[PDB]
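Asker: Pasting in a structure now, in structure tokens, and then I'll have a few things to ask.
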Amino acid sequence: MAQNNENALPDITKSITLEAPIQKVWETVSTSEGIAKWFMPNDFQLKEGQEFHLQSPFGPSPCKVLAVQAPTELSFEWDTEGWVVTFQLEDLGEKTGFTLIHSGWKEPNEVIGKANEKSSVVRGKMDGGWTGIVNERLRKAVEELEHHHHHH
């Protein structure tokens with residue numbers, strides 16, 4: 001717990017190899033449905049810069065894409081706290097290596113702020129959260145879509 005001080009969600013790297021082709025993972029992390037993860041489907045549009053970020057949205061602001069790279073890299077900013085996530089696609093044979101990158105951008109606070117008031121716990125929760133979420137949720141969205149699966 002000594003490492004956790006001044007977090008607000010810093011750089012978190014995760015990598016998980018999906019049993020799907022690179023094109024299927026790409027649509028899974030570049031379509032409205034896949035990005036929503038079926039957890040509250042938003043009508044997210046893949047734009048190489050949907051909105052630009054300068055100030056911290058005090059007024060209700062949605063998720064905005066920073067830059068979208070052609071079936072290789074994806075970067076978007078979700079202003080709920082300011083979670084900027086970047087996905088990367090590694091070309092493998094028979095499978096695709098998905099690389100998750102999490103970086104929080106807003107005012108560098110020690111805690112995220114409003115979503116949950118704690119830093120160390122939120123960090124630990126994000127570790128376990130992201131690992132489980134990106135693992136099976138991407139894997140399911142690339143192999144199928146949804147039916148009946150309990151996710152945390």
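Ordering of the structure tokens sets the chain letters (A, B, ...), residue numbers begin anew at 1 in every chain, and ligands are numbered from 1 in the order given.
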Residues of range 6-75 of chain A that approach range 82-102 of chain A to 7 Å or less, counting only C-alpha atoms: could you list each one with the shortest pair of atoms and its distance in Å to one decimal, rows by chain and increasing residue number, as a tab-separated table?
Answerer:
```
residue	atom	partner	partner_atom	distance
A:11	CA	A:102	CA	5.4
A:12	CA	A:102	CA	4.9
A:13	CA	A:101	CA	4.7
A:14	CA	A:100	CA	4.8
A:15	CA	A:99	CA	4.3
A:16	CA	A:98	CA	5.3
A:17	CA	A:97	CA	4.2
A:18	CA	A:96	CA	5.1
A:19	CA	A:95	CA	4.5
A:20	CA	A:95	CA	5.2
A:21	CA	A:95	CA	5.7
A:22	CA	A:96	CA	5.4
A:72	CA	A:89	CA	5.1
A:73	CA	A:88	CA	4.6
A:74	CA	A:87	CA	5.0
A:75	CA	A:86	CA	4.2
```
Asker: List every residue of chain A that DSSP, applied to the backbone of this structure, assigns to strand (DSSP E or B), and report them as a PyMOL selection string.
Answerer: chain A and resi 12-18+63-69+73-78+83-91+96-104
Asker: Write the residues of the preceding selection, restricted to C-alpha atoms, as a short mmCIF file (atom, residue, chain, number, x, y, z; two decimals), in the first residue's frame.
Answerer:
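Saved to result_2.cif:
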```
data_model
loop_
_atom_site.label_atom_id
_atom_site.label_comp_id
_atom_site.auth_asym_id
_atom_site.auth_seq_id
_atom_site.Cartn_x
_atom_site.Cartn_y
_atom_site.Cartn_z
CA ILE A 12 -2.05 1.27 -15.93
CA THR A 13 -0.94 -1.19 -18.56
CA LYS A 14 -2.74 -4.45 -19.20
CA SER A 15 -2.36 -6.95 -21.99
CA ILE A 16 -4.63 -9.78 -22.92
CA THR A 17 -4.56 -12.00 -25.91
CA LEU A 18 -7.89 -12.51 -27.59
CA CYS A 63 -16.77 10.76 -23.92
CA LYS A 64 -14.68 12.17 -26.66
CA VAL A 65 -12.21 10.53 -28.86
CA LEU A 66 -8.74 11.93 -28.83
CA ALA A 67 -7.38 10.07 -31.79
CA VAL A 68 -8.28 6.92 -33.58
CA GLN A 69 -5.62 5.02 -35.44
CA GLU A 73 -4.53 2.11 -31.93
CA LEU A 74 -7.44 3.80 -30.26
CA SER A 75 -7.47 6.64 -27.76
CA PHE A 76 -10.50 8.28 -26.11
CA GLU A 77 -11.30 10.30 -23.09
CA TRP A 78 -14.24 9.56 -20.90
CA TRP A 83 -10.45 8.48 -17.71
CA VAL A 84 -8.43 8.48 -20.82
CA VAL A 85 -7.97 5.05 -22.15
CA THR A 86 -5.92 3.84 -24.98
CA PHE A 87 -6.25 0.50 -26.69
CA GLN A 88 -3.64 -1.10 -28.77
CA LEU A 89 -3.87 -3.98 -31.16
CA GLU A 90 -0.98 -6.38 -31.56
CA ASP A 91 -1.05 -8.48 -34.72
CA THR A 96 -4.85 -10.77 -31.28
CA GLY A 97 -2.98 -9.14 -28.48
CA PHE A 98 -4.97 -6.41 -26.95
CA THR A 99 -3.15 -3.88 -24.96
CA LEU A 100 -5.02 -1.78 -22.54
CA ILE A 101 -3.68 1.44 -21.34
CA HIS A 102 -5.36 3.54 -18.76
CA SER A 103 -4.39 7.06 -17.95
CA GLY A 104 -6.48 9.54 -16.02
#
```
Asker: Could you pull the residues within 7 Å of range 45-62 of chain A, counting only C-alpha atoms, minus those fewer than 6 positions along the same chain, as a PyMOL selection string?
Answerer: chain A and resi 30-32+68+78-79+106
Asker: What does the file look like for those residues with C-alpha atoms, as a tab-separated table (two decimals), in the first residue's frame?
Answerer:
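Written output follows (again22.tsv):
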```tsv
chain	number	residue	atom	x	y	z
A	30	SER	CA	-14.23	1.15	-31.86
A	31	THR	CA	-18.00	0.66	-32.12
A	32	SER	CA	-20.72	2.10	-29.91
A	68	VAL	CA	-8.28	6.92	-33.58
A	78	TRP	CA	-14.24	9.56	-20.90
A	79	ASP	CA	-14.89	12.62	-18.72
A	106	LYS	CA	-8.04	15.96	-15.41
```
Asker: Step one, run DSSP on the backbone; step two, keep only residues of range 43-142 of chain A assigned to helix (DSSP H, G or I); then write them as a VMD selection string.
Answerer: chain A and resid 120 to 142
Asker: Keeping N, CA, C and O atoms for every residue in the selection just given, could you write it to a file as an mmCIF file, in the first residue's frame?
Answerer:
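So out22.cif came out as:
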```
data_model
loop_
_atom_site.group_PDB
_atom_site.id
_atom_site.type_symbol
_atom_site.label_atom_id
_atom_site.label_comp_id
_atom_site.auth_asym_id
_atom_site.auth_seq_id
_atom_site.Cartn_x
_atom_site.Cartn_y
_atom_site.Cartn_z
ATOM 1 N N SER A 120 -6.127 4.581 -3.020
ATOM 2 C CA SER A 120 -5.495 3.290 -2.865
ATOM 3 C C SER A 120 -6.473 2.152 -3.185
ATOM 4 O O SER A 120 -6.154 1.218 -3.927
ATOM 5 N N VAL A 121 -7.658 2.265 -2.641
ATOM 6 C CA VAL A 121 -8.709 1.293 -2.848
ATOM 7 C C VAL A 121 -9.175 1.306 -4.293
ATOM 8 O O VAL A 121 -9.283 0.264 -4.920
ATOM 9 N N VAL A 122 -9.415 2.496 -4.824
ATOM 10 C CA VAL A 122 -9.808 2.661 -6.207
ATOM 11 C C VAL A 122 -8.756 2.100 -7.149
ATOM 12 O O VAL A 122 -9.085 1.509 -8.166
ATOM 13 N N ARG A 123 -7.507 2.231 -6.767
ATOM 14 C CA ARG A 123 -6.412 1.718 -7.562
ATOM 15 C C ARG A 123 -6.496 0.189 -7.575
ATOM 16 O O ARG A 123 -6.510 -0.424 -8.639
ATOM 17 N N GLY A 124 -6.616 -0.400 -6.388
ATOM 18 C CA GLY A 124 -6.721 -1.843 -6.257
ATOM 19 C C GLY A 124 -7.933 -2.402 -6.962
ATOM 20 O O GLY A 124 -7.867 -3.465 -7.598
ATOM 21 N N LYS A 125 -9.024 -1.694 -6.843
ATOM 22 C CA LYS A 125 -10.253 -2.040 -7.501
ATOM 23 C C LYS A 125 -10.108 -1.961 -9.024
ATOM 24 O O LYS A 125 -10.656 -2.787 -9.735
ATOM 25 N N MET A 126 -9.381 -0.967 -9.512
ATOM 26 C CA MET A 126 -9.166 -0.817 -10.947
ATOM 27 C C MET A 126 -8.272 -1.903 -11.483
ATOM 28 O O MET A 126 -8.487 -2.377 -12.584
ATOM 29 N N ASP A 127 -7.276 -2.302 -10.700
ATOM 30 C CA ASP A 127 -6.411 -3.429 -11.075
ATOM 31 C C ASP A 127 -7.227 -4.676 -11.298
ATOM 32 O O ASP A 127 -7.190 -5.263 -12.384
ATOM 33 N N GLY A 128 -7.991 -5.062 -10.290
ATOM 34 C CA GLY A 128 -8.816 -6.253 -10.399
ATOM 35 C C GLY A 128 -9.936 -6.069 -11.400
ATOM 36 O O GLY A 128 -10.281 -7.000 -12.151
ATOM 37 N N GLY A 129 -10.490 -4.865 -11.415
ATOM 38 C CA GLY A 129 -11.546 -4.520 -12.329
ATOM 39 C C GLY A 129 -11.130 -4.663 -13.761
ATOM 40 O O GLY A 129 -11.653 -5.518 -14.468
ATOM 41 N N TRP A 130 -10.144 -3.871 -14.176
ATOM 42 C CA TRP A 130 -9.677 -3.905 -15.556
ATOM 43 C C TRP A 130 -9.242 -5.262 -15.999
ATOM 44 O O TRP A 130 -9.641 -5.682 -17.060
ATOM 45 N N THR A 131 -8.468 -5.962 -15.170
ATOM 46 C CA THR A 131 -7.981 -7.291 -15.526
ATOM 47 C C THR A 131 -9.152 -8.219 -15.904
ATOM 48 O O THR A 131 -9.173 -8.783 -17.000
ATOM 49 N N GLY A 132 -10.156 -8.288 -15.037
ATOM 50 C CA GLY A 132 -11.288 -9.157 -15.290
ATOM 51 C C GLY A 132 -12.150 -8.664 -16.432
ATOM 52 O O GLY A 132 -12.562 -9.455 -17.308
ATOM 53 N N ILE A 133 -12.405 -7.363 -16.443
ATOM 54 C CA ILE A 133 -13.231 -6.742 -17.454
ATOM 55 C C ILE A 133 -12.628 -6.887 -18.837
ATOM 56 O O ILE A 133 -13.254 -7.472 -19.696
ATOM 57 N N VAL A 134 -11.410 -6.415 -19.055
ATOM 58 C CA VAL A 134 -10.859 -6.494 -20.387
ATOM 59 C C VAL A 134 -10.661 -7.920 -20.858
ATOM 60 O O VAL A 134 -10.924 -8.224 -22.020
ATOM 61 N N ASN A 135 -10.293 -8.797 -19.938
ATOM 62 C CA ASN A 135 -10.074 -10.194 -20.255
ATOM 63 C C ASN A 135 -11.318 -10.845 -20.865
ATOM 64 O O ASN A 135 -11.370 -11.085 -22.082
ATOM 65 N N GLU A 136 -12.349 -11.044 -20.067
ATOM 66 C CA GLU A 136 -13.481 -11.802 -20.559
ATOM 67 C C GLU A 136 -14.452 -10.932 -21.345
ATOM 68 O O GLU A 136 -15.119 -11.414 -22.255
ATOM 69 N N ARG A 137 -14.523 -9.646 -21.040
ATOM 70 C CA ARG A 137 -15.500 -8.825 -21.718
ATOM 71 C C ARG A 137 -15.080 -8.558 -23.142
ATOM 72 O O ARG A 137 -15.924 -8.573 -24.041
ATOM 73 N N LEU A 138 -13.788 -8.354 -23.372
ATOM 74 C CA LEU A 138 -13.351 -8.208 -24.739
ATOM 75 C C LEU A 138 -13.444 -9.534 -25.435
ATOM 76 O O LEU A 138 -13.926 -9.614 -26.547
ATOM 77 N N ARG A 139 -13.018 -10.581 -24.742
ATOM 78 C CA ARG A 139 -13.031 -11.937 -25.290
ATOM 79 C C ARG A 139 -14.471 -12.340 -25.713
ATOM 80 O O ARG A 139 -14.673 -12.927 -26.769
ATOM 81 N N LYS A 140 -15.453 -11.995 -24.921
ATOM 82 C CA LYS A 140 -16.821 -12.291 -25.271
ATOM 83 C C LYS A 140 -17.352 -11.429 -26.369
ATOM 84 O O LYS A 140 -18.091 -11.909 -27.193
ATOM 85 N N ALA A 141 -16.972 -10.183 -26.397
ATOM 86 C CA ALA A 141 -17.459 -9.286 -27.423
ATOM 87 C C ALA A 141 -16.781 -9.568 -28.764
ATOM 88 O O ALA A 141 -17.317 -9.244 -29.832
ATOM 89 N N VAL A 142 -15.601 -10.160 -28.724
ATOM 90 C CA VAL A 142 -14.933 -10.517 -29.952
ATOM 91 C C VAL A 142 -15.396 -11.878 -30.467
ATOM 92 O O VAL A 142 -15.436 -12.110 -31.674
#
```
Asker: For a test of reading the model, state the distance in Å between CA of residue 146 in chain A and CA of residue 33 in chain A, rounded to one decimal.
Answerer: 10.6 Å
Asker: To one decimal in Å, tell me the separation between CA of residue 9 in chain A and CA of residue 114 in chain A.
Answerer: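 Atom-to-atom, CA of residue 9 in chain A and CA of residue 114 in chain A are spaced 12.7 Å apart.
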Asker: Looking at A:28, A:42, A:7, A:23, which one is nearest to residue 117 in chain A, with distances taken over only C-alpha atoms?
Answerer: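 Comparing A:28, A:42, A:7, A:23 against residue 117 in chain A, the winner is A:7.
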Asker: Just want the 8 Å neighbourhood of residue 8 in chain A, counted on only C-alpha atoms, with same-chain residues fewer than 3 positions away dropped. Output as a PyMOL selection string.
Answerer: chain A and resi 104+108-113+119
Asker: Kindly export the residues of the current selection with N, CA, C and O atoms, as a PDB file, in the first residue's frame.
Answerer:
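To be explicit, this is the file written out as selection-v9.pdb:
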```pdb
ATOM      1  N   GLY A 104      -5.470   8.592 -16.411  1.00  0.00           N
ATOM      2  CA  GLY A 104      -6.485   9.539 -16.020  1.00  0.00           C
ATOM      3  C   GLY A 104      -6.017  10.958 -16.229  1.00  0.00           C
ATOM      4  O   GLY A 104      -4.936  11.336 -15.760  1.00  0.00           O
ATOM      5  N   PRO A 108      -4.445  16.679 -11.933  1.00  0.00           N
ATOM      6  CA  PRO A 108      -3.796  15.600 -11.223  1.00  0.00           C
ATOM      7  C   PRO A 108      -4.051  15.705  -9.731  1.00  0.00           C
ATOM      8  O   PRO A 108      -3.394  16.460  -9.016  1.00  0.00           O
ATOM      9  N   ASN A 109      -5.079  15.043  -9.305  1.00  0.00           N
ATOM     10  CA  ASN A 109      -5.448  14.974  -7.920  1.00  0.00           C
ATOM     11  C   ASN A 109      -4.854  13.690  -7.362  1.00  0.00           C
ATOM     12  O   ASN A 109      -4.228  12.925  -8.100  1.00  0.00           O
ATOM     13  N   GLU A 110      -4.986  13.458  -6.102  1.00  0.00           N
ATOM     14  CA  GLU A 110      -4.434  12.268  -5.521  1.00  0.00           C
ATOM     15  C   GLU A 110      -5.440  11.119  -5.659  1.00  0.00           C
ATOM     16  O   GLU A 110      -5.067   9.939  -5.774  1.00  0.00           O
ATOM     17  N   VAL A 111      -6.695  11.500  -5.730  1.00  0.00           N
ATOM     18  CA  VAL A 111      -7.839  10.609  -5.836  1.00  0.00           C
ATOM     19  C   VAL A 111      -8.557  10.957  -7.151  1.00  0.00           C
ATOM     20  O   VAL A 111      -8.281  12.009  -7.708  1.00  0.00           O
ATOM     21  N   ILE A 112      -9.419  10.070  -7.675  1.00  0.00           N
ATOM     22  CA  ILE A 112     -10.200  10.410  -8.876  1.00  0.00           C
ATOM     23  C   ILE A 112     -11.113  11.601  -8.591  1.00  0.00           C
ATOM     24  O   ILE A 112     -11.189  12.545  -9.381  1.00  0.00           O
ATOM     25  N   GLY A 113     -11.762  11.574  -7.439  1.00  0.00           N
ATOM     26  CA  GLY A 113     -12.528  12.701  -7.033  1.00  0.00           C
ATOM     27  C   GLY A 113     -13.955  12.387  -6.675  1.00  0.00           C
ATOM     28  O   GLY A 113     -14.281  12.207  -5.503  1.00  0.00           O
ATOM     29  N   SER A 119      -8.136   6.568  -3.088  1.00  0.00           N
ATOM     30  CA  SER A 119      -7.177   6.427  -4.136  1.00  0.00           C
ATOM     31  C   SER A 119      -6.587   5.033  -4.162  1.00  0.00           C
ATOM     32  O   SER A 119      -6.587   4.378  -5.195  1.00  0.00           O
TER      33      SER A 119
END
```
Asker: Separation of CA of residue 24 in chain A and CA of residue 70 in chain A, in Å?
Answerer: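 Here the two named atoms are 13.2 Å from each other.
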